[PDB]
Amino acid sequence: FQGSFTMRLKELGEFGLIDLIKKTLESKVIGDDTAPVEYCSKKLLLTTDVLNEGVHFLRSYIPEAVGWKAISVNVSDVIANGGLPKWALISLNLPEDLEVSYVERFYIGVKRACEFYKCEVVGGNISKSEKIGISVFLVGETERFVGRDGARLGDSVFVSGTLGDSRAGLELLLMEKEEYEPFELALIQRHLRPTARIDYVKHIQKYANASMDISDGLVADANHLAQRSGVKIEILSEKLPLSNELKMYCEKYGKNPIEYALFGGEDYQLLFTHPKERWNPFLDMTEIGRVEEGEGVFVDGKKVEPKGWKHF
């Protein structure tokens, strides 16, 4: 009866586990999208995100897209804290019966992403496994690190692009349809081949008081920002940026676009704060709320309940 009452990961939760890990390591740097380290008057940003078969993607998806996404989700953490991607490593867990062509096409996608984001994969690892596992490590660089702590009272809360598209794309992919309409393919693109907002780096680096990307969902991720900055975040649902593709999807399948914008994950858009006075004539940012004294995240006045994707 050794394991009769022992606490398992399912009971603690992923973030409670990270808290334990941080405490165990007596770490002061853990908590942001990247780990900033001082090196030669500048800061290098270290991060790692993974794509596991059955968890983040399916083997039926074109390998090139998975390779593009593998690099993109990692670049997203780097640009979210004000840095530019430089060097990456890829650790692969591969089934011995996997087609060689899958790995080749995967790297063609990786190469395409690296050429786009201006970074390079300089190495990695290979291990046998039951299914496909893709663990990428990325090193970026910045002149001014912007993490999740730093949001100031009075600041406005912004997001880039539109929210909820990726979740719709995921659902469309899981439908295994023999044919998708144009708007559906666009949503699928947002899910399978997200584009890290590297176009935002200079703005974030120069004006953001707090910044991060949205990978689990707006409310859930806004919660992390609120807690690390020690403030209250008030969001207005009517201001959330929605794409016409998402609206078409919700109309066709009977869904609520606001639900997708608030709880949909993997959009990899940015969530940051700074004075409303600060803006950019070329960026698609949308003001969705403000930073107030207190705690928790509120939507339309209600504190609701932060959902977001959970591994356990």
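In this text, the rigid core denotes the largest set of C-alpha atoms whose superposition between the two forms falls within 1.5 Å. Sequential numbering from 1, following the sequence displayed.
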{"item": "Core-fitted comparison in 4 other deposited structures of this protein, 196 to 204 vs 168 to 176, farther C-alphas", "value": "168 to 176"}
{"item": "Stretch departing more from the displayed form, 298 to 306 or 284 to 292, Cα RMS in 4 other deposited structures of this protein (core fit)", "value": "298 to 306"}
{"item": "Mean temperature factor over C-alpha atoms, higher-scoring stretch between 276 to 284 and 29 to 37", "value": "276 to 284"}
{"item": "Given 70 to 78 and 225 to 233, the range whose Cα B-factors average higher in the PDB entry", "value": "225 to 233"}
{"item": "Largest Cα B-factor, entry values, listed residues 176, 213, 171, 120", "value": "176"}
{"item": "Where the record places residue 265 (Cα B-factor, split into thirds across the chain)", "value": "lowest"}
{"item": "Cα B factor band for residue 158 (lowest, middle or highest third within the chain)", "value": "middle"}
{"item": "Chain third (lowest, middle, highest) by recorded CA B-factor, residue given as residue 184", "value": "middle"}
{"item": "Record-listed C-alpha B factor of residue 239: chain third", "value": "highest"}
{"item": "Lowest, middle or highest third - CA B-factor, residue 207", "value": "highest"}
